[PDB]
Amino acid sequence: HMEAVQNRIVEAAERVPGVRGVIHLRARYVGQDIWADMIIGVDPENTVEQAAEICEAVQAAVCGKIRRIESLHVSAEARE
């Protein structure tokens, strides 16, 4: 069920270089698939280009570890 899977999403995101916590994570089942929407924190002094790069990195790492996720949006917000 969901919570197990949410823990796995947060844990996978957090192991990616540049991720400063997961700020928000919304996940829902579309049948047997997961669709999710997430915000990560990032260094405020990172450039927008760097923030985008970490987001794709997170998107790839999470999709790679949790196979049932068929849609994942990752966006970023300054933190710390």
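Counting begins at 1, following the sequence as shown.
Across the two stretches, 70-78 and 1-9, the PDB entry reports the greater mean Cα temperature factor for 1-9. When all modelled residues of the chain are sorted by CA temperature factor, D37 is found within the lowest third. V30 sits in the highest third of its chain by CA B factor, as recorded in the PDB entry. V16: CA B factor lies in the highest third for its chain, per the PDB record. In the PDB entry, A57 places in the middle third of its chain by CA B-factor.
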